[PDB]
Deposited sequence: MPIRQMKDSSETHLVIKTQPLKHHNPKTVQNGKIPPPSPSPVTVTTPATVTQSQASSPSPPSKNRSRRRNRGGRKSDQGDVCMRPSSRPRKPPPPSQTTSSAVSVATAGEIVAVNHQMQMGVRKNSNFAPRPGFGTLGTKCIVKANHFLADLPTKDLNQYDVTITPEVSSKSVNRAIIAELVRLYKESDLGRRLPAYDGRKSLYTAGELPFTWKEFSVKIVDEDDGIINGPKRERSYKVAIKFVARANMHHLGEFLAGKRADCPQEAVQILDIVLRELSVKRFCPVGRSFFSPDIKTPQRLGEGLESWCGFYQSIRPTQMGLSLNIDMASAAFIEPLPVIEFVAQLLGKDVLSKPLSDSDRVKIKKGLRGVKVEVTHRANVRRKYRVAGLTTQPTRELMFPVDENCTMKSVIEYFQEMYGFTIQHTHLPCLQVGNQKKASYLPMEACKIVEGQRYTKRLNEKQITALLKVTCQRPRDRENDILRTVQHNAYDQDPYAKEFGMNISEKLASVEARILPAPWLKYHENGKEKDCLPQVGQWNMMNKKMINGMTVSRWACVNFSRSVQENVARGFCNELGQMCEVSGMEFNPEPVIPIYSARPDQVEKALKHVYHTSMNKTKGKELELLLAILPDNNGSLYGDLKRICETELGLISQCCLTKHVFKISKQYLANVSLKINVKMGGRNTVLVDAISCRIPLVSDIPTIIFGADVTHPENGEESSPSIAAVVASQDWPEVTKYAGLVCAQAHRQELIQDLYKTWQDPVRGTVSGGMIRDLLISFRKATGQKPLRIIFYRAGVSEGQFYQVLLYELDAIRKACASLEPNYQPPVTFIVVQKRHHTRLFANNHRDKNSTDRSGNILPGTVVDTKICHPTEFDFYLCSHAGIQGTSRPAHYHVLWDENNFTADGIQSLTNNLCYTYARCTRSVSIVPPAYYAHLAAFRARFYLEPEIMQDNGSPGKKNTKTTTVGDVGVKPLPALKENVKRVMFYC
């Protein structure tokens, strides 16, 4: 069947007005038609095909096209308002390479279907009409800019400037039409991406290396880095007077020119000298940025909400959609004002802390609170602990003092940290991590009469490198320990807030919890606390662009303690490259008969063992989907859940509520009045816990926008929750309030988070599991670690 229809509109919270970045578009009625494109020989170059089509149009616009102006998608589809006076005619295009183009009328799209879908009278989205409108709107943007997909950004509009290590950053908008509740919306939003500067090869190499290589040949690592950076760069020769030929470069010779600047190897297309070549403008940097040039872009793309709103308004008026021939002929009419969306600021929930404290309750003012005069619900009275000093700057006395300070902070925050460790702290070196870990574990087990450790405070260096991952992998797949790796800078500079955050982390890293909603304690949460429910969360973390070697990791967590649900236990796996499903939610093989598996079954069994009873309802929070596979993901990951529940106990099919969360979109909400105190306590974003479900949401399906976090800088992007499946029959107010309330139960922070802790923990587990691989099956987690939040 189709998705879950929207049951209604929310009412809770104080009314307020925000401004979205969606611009109303009025659909035309011109009987738009699509004409197929066939070019022989076949070339997969979108720019070349577009140029060929443009030349064909210029040649034969008044010949047999009837003065009708086509709109070409770029690869295979051509759209024209009305109907051309011909059906199947072929035109020859000579660029002098010659091409043969075949054009045939395919079918006629229906704008009335788009109107019916936007009016809420059906549930099927006319992808054809939406794509035709998008392409006819973006023809002029493609012509005037450099397309990178749905974003057309070019220089001389924001003065692109230096980024770091050669490549720079460009600025511009992101345009994508979308069918919303109020009608078609042009989702214009500012965007930026990295570009390679048109610099000579010598200058670019010097900037990337940050030094001079006039007389120093490159090392193996330097050569590998140069090849990785330069793989896929177009360069043009400049030594010739009037030969503007281009030579794509992917391989570099291993020998110098003599075997000018002939010492260094010359690029191979013969052997093109690297001293008389220039990088072609417009190239895009692949892979991912480094830690130094990511922040340089962050200082560019991170601007105030008012500045971003003004930039979007300026960009929309700069395109002038009311003047371009494509939209004038096609009947398009785009507005130039931000939608005045009404919102609702949901109230913050009451948090209950331990009775043994001055403050037994807390009301988060602006989405963040403090632990002063409060104690955790559950201390864990850690008794056995040890420390490893993987650093040389810090001394034994300094490390012992840091441990004592952390313990005192834990005790005053509500723990019972042991004053003295099992074994005296000793300093090792960051290369013998395995030997140090086995030595510490074996010594601790030899002492304390064969009782395992409960914690391991590790002071690893600032830029350790290949050390944190190895340490965590060994401790969580070969030893079975719990570690609290810290950095040397914070050990040297002790701050009470840092100690409190570390205490909050190590409380939940050893069982128990530190804060609970009063509604959860009082068994008063709508449609949750009435009967036991297990709240799941999934996330699939794909590797860095082209990384076939490394597989993709999927993680699934689930709440484990009922009456005050805060404790999530998760499992991880490794599946095929760039796979958008989770093949390990259920697995059946032959073993004498057919023993089952998967993560759903294991987590349900763990929940049953932990709380004494099987869960009665399920609330699934999926993440990491790309909007192109909702149907497939829902079908597979709901059939897997049903089969896992059936296999565990017969006739056990609890209701499920499949909700997909994703923050990767370009829907921004701005404060209606920037001169008023209705925004965050800073000079920035809108108030936390504000819900939007009108005028920018799906016309018929069930979704909402929730900005539950207090943005610290830049324009905070609210999360998007889409309820694909709903068997509990959640009301709009109930689901919005529940999702907002969970955001206040994050273990590691004393603030409200943007996405739900289920999905956030699933993402953290998936990101952490990348350190375990060293083949399709990941190493098995130890049995003393899977029951505790090792990832937090």
Any chance you could give me the deposited-sequence numbering of all the stretches lacking C-alphas?
-> 1-125, 221-233, 398-423, 434-439, 763-764, 947-970
